[PDB]
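Here the structure comes first, spelled out in structure tokens, and everything after it is commentary.
Taken together, the values in this text are just the output of simple stated rules run on the coordinates, not laboratory data. Ideal geometry is used to build each Cβ from the backbone, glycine not excepted, and the neighbour counts take in all protein chains shown.
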Amino acid sequence: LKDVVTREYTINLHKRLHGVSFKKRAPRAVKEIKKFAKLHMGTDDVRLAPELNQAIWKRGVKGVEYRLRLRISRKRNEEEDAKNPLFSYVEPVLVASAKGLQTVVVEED
Amino acid sequence: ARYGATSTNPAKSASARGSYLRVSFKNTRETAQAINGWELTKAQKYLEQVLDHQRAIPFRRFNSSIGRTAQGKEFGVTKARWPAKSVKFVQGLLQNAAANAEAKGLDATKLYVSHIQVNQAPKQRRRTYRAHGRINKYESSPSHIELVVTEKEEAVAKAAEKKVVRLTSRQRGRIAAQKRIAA
Amino acid sequence: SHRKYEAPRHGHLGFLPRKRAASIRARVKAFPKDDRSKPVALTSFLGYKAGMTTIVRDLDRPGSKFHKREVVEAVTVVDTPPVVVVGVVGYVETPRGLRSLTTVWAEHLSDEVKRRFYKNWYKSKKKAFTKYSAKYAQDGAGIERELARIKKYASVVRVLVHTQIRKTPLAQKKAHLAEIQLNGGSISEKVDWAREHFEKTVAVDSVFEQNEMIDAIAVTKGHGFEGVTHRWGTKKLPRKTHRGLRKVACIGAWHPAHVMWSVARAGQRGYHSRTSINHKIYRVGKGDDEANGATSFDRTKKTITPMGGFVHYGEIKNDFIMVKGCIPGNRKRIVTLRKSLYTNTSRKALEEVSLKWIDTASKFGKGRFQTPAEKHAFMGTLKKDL
Amino acid sequence: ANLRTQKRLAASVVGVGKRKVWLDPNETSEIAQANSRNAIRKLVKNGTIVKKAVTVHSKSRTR
RNA sequence: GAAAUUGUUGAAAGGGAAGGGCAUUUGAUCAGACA
RNA sequence: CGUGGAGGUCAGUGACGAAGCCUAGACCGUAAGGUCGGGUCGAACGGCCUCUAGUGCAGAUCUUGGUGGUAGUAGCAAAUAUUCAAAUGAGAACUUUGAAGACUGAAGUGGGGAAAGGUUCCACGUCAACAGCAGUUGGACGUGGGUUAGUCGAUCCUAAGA
RNA sequence: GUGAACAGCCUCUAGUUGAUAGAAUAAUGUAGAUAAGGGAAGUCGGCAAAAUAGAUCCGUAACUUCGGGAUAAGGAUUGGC
Ligand SMILES: [Mg+2]
Ligand SMILES: [Mg+2]
Ligand SMILES: [Mg+2]
Ligand SMILES: [Mg+2]
Ligand SMILES: [Mg+2]
Ligand SMILES: [Mg+2]
Ligand SMILES: [Mg+2]
Ligand SMILES: [Mg+2]
Ligand SMILES: [Mg+2]
Ligand SMILES: [Mg+2]
Ligand SMILES: [Mg+2]
Ligand SMILES: [Mg+2]
Ligand SMILES: [Mg+2]
Ligand SMILES: [Mg+2]
Ligand SMILES: [Mg+2]
Ligand SMILES: [Mg+2]
Ligand SMILES: [Mg+2]
Ligand SMILES: [Mg+2]
Ligand SMILES: [Mg+2]
Ligand SMILES: [Mg+2]
Ligand SMILES: [Mg+2]
Ligand SMILES: [Mg+2]
Ligand SMILES: [Mg+2]
Ligand SMILES: [Mg+2]
Ligand SMILES: [Mg+2]
Ligand SMILES: [Mg+2]
Ligand SMILES: [Mg+2]
Ligand SMILES: [Mg+2]
Ligand SMILES: [Mg+2]
Ligand SMILES: [Mg+2]
Ligand SMILES: [Mg+2]
Ligand SMILES: [Mg+2]
Ligand SMILES: [Mg+2]
Ligand SMILES: [Mg+2]
Ligand SMILES: [Mg+2]
Ligand SMILES: [Mg+2]
Ligand SMILES: [Mg+2]
Ligand SMILES: [Mg+2]
Ligand SMILES: [Mg+2]
Ligand SMILES: [Mg+2]
Ligand SMILES: [Mg+2]
Ligand SMILES: [Mg+2]
Ligand SMILES: [Mg+2]
Ligand SMILES: [Mg+2]
Ligand SMILES: [Mg+2]
Ligand SMILES: [Mg+2]
Ligand SMILES: [Mg+2]
Ligand SMILES: [Mg+2]
Ligand SMILES: [Mg+2]
Ligand SMILES: [Mg+2]
Ligand SMILES: [Mg+2]
Ligand SMILES: [Mg+2]
Ligand SMILES: [Mg+2]
Ligand SMILES: [Mg+2]
Ligand SMILES: [Mg+2]
Ligand SMILES: [Mg+2]
Ligand SMILES: [Mg+2]
Ligand SMILES: [Mg+2]
Ligand SMILES: [Mg+2]
Ligand SMILES: [Mg+2]
Ligand SMILES: [Mg+2]
Ligand SMILES: [Mg+2]
Ligand SMILES: [Mg+2]
Ligand SMILES: [Mg+2]
Ligand SMILES: [Mg+2]
Ligand SMILES: [Mg+2]
Ligand SMILES: [Mg+2]
Ligand SMILES: [Mg+2]
Ligand SMILES: [Mg+2]
Ligand SMILES: [Mg+2]
Ligand SMILES: [Mg+2]
Ligand SMILES: [Mg+2]
Ligand SMILES: [Mg+2]
Ligand SMILES: [Mg+2]
């Protein structure tokens, strides 16, 4: 079936970005994250909160933080019906340190 | 009309053209033949996958110095590509043909693609500037695409000549005597 | 005209073509000459290269400036858990050469080997050998006559063994299977040995001893498409030269008007098969043995596994072969270790080593401590700890 | 939809370079209608177009 | 609405060119003459 | 032998299909060539005796046009750099808007002029071509609007010179 | 702002964010760097590259048209508070 979940994840950008040419780091990150969502949610359709976008670019192109604490929300799709009924919205969580958290499920209401 | 050579019951067929289209003649040749003869429905699913880089189009003539890909294994082939603009145009006509078959009242379930032919439309000349004050042709090489779908039909029954046998005097002597002797 | 100055060519034509090998598992192109007086055993063994460490030992070489002085020497370690016997195969002599005439297989077969017979295990119905297994049912009839046949003919006999890769830190699950010639005496004694060991399990110590010179057959590390200058160690061309300098200036005279097989050209490098000889066994380790990497002289209990573990490999929890120096292939590669094809007198071979100390500090950095115990000793107490 | 002209107009009306006019995305249909300077002027008056602040270059570390 | 040159269909052949000459097999195809 | 045109002639052929073109179908000639069938076509045309010449092509780095192999190949890599979302639209990597990340760094990627262009300005509509990907965008395409002086220039004066 | 400075480097105002795009990072390249010990043995030739550099002080040869040569050469110094 579907499922509709929200969880909160920490992604290791650092090794995903290891090596990447400086002018492509913040961009690879965007993409690398999108990938991270489909891997966990199964979902091709992955959208990024403009806030999350800001969190990524917060230090310039090549200054992407080593760990981000995402919140990924699998949601049903609407209007002109895309290929799949499901998509994912990713958003930044407002955490003090992103270091040290395992992955949790967010209770839905 | 007046399409290319066909051999097919027009009462059980439908057709579509595109002419003067601005797609690479060479690439859409290659993609037209990937489709050629396929079950209409199998073909539409197939181009869709092409577009997804999940199956590929086997490049068989217009193909020197082309990439190699595992996605040609299926077709016995190492060189294969995913020529998007072609596909989208070719399925554009496939779509049209379907509609025409629907309109004719042909059974969609039996539709195979029986004729698909591309050849060369008039070229379109732009131009480019080469070193030392020279100019060079820069040319669009566009296509005419044409296809024909048909309802698949079984059998063929038999019927032919009867072979008029001719044999000499000594030849129907063996024969005559063969039964007079044996069975 | 004529060279001008003479120089040896660049590199060895005896290793051509310099293409990628047909398999990861280099082939034993020859086995030790058979002496049918000795008891039966293998003549090779499968293993995986773990890595290298350093050794300190005294030298016994009367005449050398370093006679009776310590030397330090590099050694490699290959992970060597018991191979398991799953079949025999008998060859016969023909005027067209040696041909295989039957392969007899053991009734049960580990998933490890069974896995080798496949490219898509998870989806597959695992039907391999499931009819063959049935040949045991009827009293034994069919298997015997094969065995029986082997004995009657068969000029040589090789055993089908495979590795217990699960006893190994590798991911790769798919075990390695291979023919090992069987030199202990008498064709008939040979297959009896083989038949007997079916599904049973064979150990390294039953094949190799300390100080023995062995050979190592393996597929070399790969480097991909490679320019002429490093692939052949051609001279760099001068700095002034148009369109590149890691090249060869003259790829040939004008006649033969043909580039020739004997000149250096860019291409694949590495992933070549190599048969390397005269590596000496400095240690035959035993898995079930703390103080693996301890010594007569060291004492201090510890295995050969470096702190933090063999970089890029893992841990070593099985018997192992310690061989002095370096060896074809890289860490994690399947390697065949082979009995030498001649009895070397050498002096160099014959020397009966005995380690004093086996390094065990981390290879992941400039390691300073053999053991956590040592490190804890020297550092004092830290903010974590008790 | 295409608010370039209203952007430029915005700049000129307010006395500020275009790098500082703000056209809010949520009143996009209303803004487009604004073809004139009198129209932009009303739009500026009621906050559909705002001036956007200067970017600080503080003399504090100089001082 | 020729030709170069092209797509499709049908038939054939092809172990580092192809095309040609004498001759016949084999396939395809056809005129004439019998009365 | 074959072509274009001319005199004579066969009361020649033809819209019930002239000419032309196509055709590993037929027949005559050693050959130049000639004749027929079928297909395509659509308004003219040929046999014979003579007359006549801008009369016969494989070449001339021949002329003009058209066309290939090369080849979906060389390539589309200078000028630091882009990103998230919304809106619109058949269609959005590229349009609009918001956000963010940067750049030019007042010796400017700012604000104006001279020469030169001549409508490129501006609005609306809008994508067939063009902008060596794209395109819903444009200095493109369509249709309109727009350049206000006693004081700013010219106009007057003189320069080399004409 | 730094600084001798209309230099270079960073910023405000203004203006841009145009330059086909995606994925990989083989050989060979173009452009940017580093390399133990030796130090021109390389090469037609030190070509290329490296070294030097600002300021304050000290010190400064031959020779000369007495003006120079001269930043000769050679040295020390330099932050923050
Ligand atoms: Mg790197
Ligand atoms: Mg047409
Ligand atoms: Mg071709
Ligand atoms: Mg071709
Ligand atoms: Mg290429
Ligand atoms: Mg080629
Ligand atoms: Mg290629
Ligand atoms: Mg892939
Ligand atoms: Mg192929
Ligand atoms: Mg050019
Ligand atoms: Mg020019
Ligand atoms: Mg008879
Ligand atoms: Mg010589
Ligand atoms: Mg192979
Ligand atoms: Mg047999
Ligand atoms: Mg290299
Ligand atoms: Mg060398
Ligand atoms: Mg080497
Ligand atoms: Mg040069
Ligand atoms: Mg060389
Ligand atoms: Mg016409
Ligand atoms: Mg044929
Ligand atoms: Mg013949
Ligand atoms: Mg004549
Ligand atoms: Mg004439
Ligand atoms: Mg004439
Ligand atoms: Mg022909
Ligand atoms: Mg005839
Ligand atoms: Mg006719
Ligand atoms: Mg006619
Ligand atoms: Mg007419
Ligand atoms: Mg005449
Ligand atoms: Mg002439
Ligand atoms: Mg001629
Ligand atoms: Mg000609
Ligand atoms: Mg000639
Ligand atoms: Mg010519
Ligand atoms: Mg031409
Ligand atoms: Mg193309
Ligand atoms: Mg290319
Ligand atoms: Mg280039
Ligand atoms: Mg750029
Ligand atoms: Mg862009
Ligand atoms: Mg934007
Ligand atoms: Mg700057
Ligand atoms: Mg400046
Ligand atoms: Mg510009
Ligand atoms: Mg102006
Ligand atoms: Mg102009
Ligand atoms: Mg106008
Ligand atoms: Mg305009
Ligand atoms: Mg268009
Ligand atoms: Mg233009
Ligand atoms: Mg374009
Ligand atoms: Mg276009
Ligand atoms: Mg206009
Ligand atoms: Mg005045
Ligand atoms: Mg006046
Ligand atoms: Mg401007
Ligand atoms: Mg460009
Ligand atoms: Mg690119
Ligand atoms: Mg890699
Ligand atoms: Mg050095
Ligand atoms: Mg020195
Ligand atoms: Mg010298
Ligand atoms: Mg010297
Ligand atoms: Mg020399
Ligand atoms: Mg010289
Ligand atoms: Mg010299
Ligand atoms: Mg120099
Ligand atoms: Mg240095
Ligand atoms: Mg001087
Ligand atoms: Mg001097
Ligand atoms: Mg001080």
Near the amide H of A:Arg71, under 5 Å away, which other amide H atoms are found, from residues 5 or more places off or on another chain, if H is placed in the peptide plane? A:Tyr9, A:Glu91, A:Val93
Restrict the search to segment B:1-80; then list the chymotrypsin sites (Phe, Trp or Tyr not before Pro) that DSSP places in a loop and that have at most 14 other Cβ atoms within 10 Å of their Cβ. B:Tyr3, B:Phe62
Using the Cα gyration tensor of segment B:1-154, with a ≥ b ≥ c the square roots of its eigenvalues, what is the shape: rounded (a/c below 1.5), prolate (a/b larger than b/c) or oblate (neither)? oblate
In whole angstrom, and with the biggest value first, how far do the Cα coordinates of chain A range along each principal axis? 40, 29, 21
So what are the radius of gyration and Dmax for the Cα set of segment C:291-348, in Å? 14.8, 40
For a bin width of 10 Å, list the pair-distance distribution of chain D built from all Cα-Cα distances, rounded to whole %. 22, 50, 14, 10, 4
What pairs in B:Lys26/B:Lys79; A:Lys34/D:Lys7; A:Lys83/C:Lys123 have C-alpha atoms more than 23 Å from each other? A:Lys34/D:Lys7; A:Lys83/C:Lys123
Got a sec to turn the phi values of segment B:120-126 into Karplus ³J(HN,Hα) couplings, 6.51 cos²θ - 1.76 cosθ + 1.60 with θ = phi - 60°, whole Hz, x for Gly and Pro? 8, 8, x, 6, 10, 9, 9
Just report the Cα centroid separation between segment B:140-183 and segment C:214-229, whole Å. 64
Cβ density ranking, 10 Å radius, fewest first, applied to B:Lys179, B:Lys104 yields B:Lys179, B:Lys104
Which whole-Hz couplings ³J(HN,Hα) result when phi for each residue of segment D:22-38 is put into the Karplus expression 6.51 cos²θ - 1.76 cosθ + 1.60, θ = phi - 60°, listed in order with x for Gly and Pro? 10, 9, 7, x, 8, 10, 6, 5, 5, 5, 4, 4, 6, 9, 10, 7, 5
Projected convex hull area of segment C:30-176, Cα atoms, direction-averaged, in nm², equals 14.8
Express the Stokes-Einstein translational diffusion coefficient of chain C in µm² s⁻¹, to the nearest whole number, given a Kirkwood radius over alpha-carbon pairs, 10 °C and a viscosity of 1.306 mPa s. 65
Give the order of B:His115, A:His18, C:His223 when sorted by the count of other beta carbons within 10 angstrom, beginning with the fewest. A:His18, C:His223, B:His115
Given pairs C:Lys29/C:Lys125; A:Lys38/C:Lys173; C:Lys65/C:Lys375; D:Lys20/D:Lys42; A:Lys31/C:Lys363; C:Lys221/C:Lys302 and cut-off 24 Å on Cα-Cα distance, the over-length ones are C:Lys29/C:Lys125; A:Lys38/C:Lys173; C:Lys65/C:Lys375; A:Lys31/C:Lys363; C:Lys221/C:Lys302
Between segment B:67-97 and segment B:1-22, how many Å separate their Cα centres? 21
So which GluC sites (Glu not before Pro) in segment C:203-283 pass both tests, a DSSP loop state and at most 16 other Cβ atoms within 10 Å of the Cβ? C:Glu209, C:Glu212
Here P(r) for segment C:209-364, Cα-Cα distances in 5 Å bins, as whole percents, is 2, 8, 11, 14, 13, 12, 10, 8, 8, 6, 4, 3, 1, 0
Based solely on its DSSP helices, what 222 nm [θ] is calculated for the protein assembly as shown when runs of n ≥ 4 H residues each add -39,500 (n - 2.57) and the sum is averaged over all residues, nearest 500 deg cm²/dmol? -6000 deg cm²/dmol
Rounded to whole Å, √(5λ) for the Cα gyration tensor eigenvalues of the protein assembly as shown, largest first, gives 62, 51, 32
Order of C:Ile334, D:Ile49, B:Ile135 - criterion: other Cβ atoms within 10 Å of each residue's Cβ, fewest first: B:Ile135, C:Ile334, D:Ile49
Could you work out the Kirkwood radius for segment C:316-369, taking every pair of different alpha carbons, averaging 1/r and inverting it, reported in Å? 14.9
Within the P(r) computed for segment C:169-281, what percentage of the Cα pairs occupies the region above 22 Å? 64
Return the loop-located trypsin sites (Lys or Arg not before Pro) in segment B:47-96 (DSSP other than H, G, I, E, B) with at most 16 other Cβ atoms within 10 Å of their own Cβ; answer none if there are none. B:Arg60, B:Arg61
Given Cα pairs under 8 Å that are at least 6 residues apart, what percent is the relative contact order of chain B? 31
³J(HN,Hα) computed for each position of segment B:105-115 - Karplus, 6.51 cos²θ - 1.76 cosθ + 1.60, integer Hz, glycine/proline x: x, 6, 5, 4, 5, 10, 7, 10, 8, 9, 8
Cα centroid of segment C:100-175 to Cα centroid of segment A:1-64, whole Å: 48
Longest DSSP-loop-exposure-free segment, GluC sites (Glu not before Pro), chain A, at most 16 other Cβ within 10 Å: A:1-64
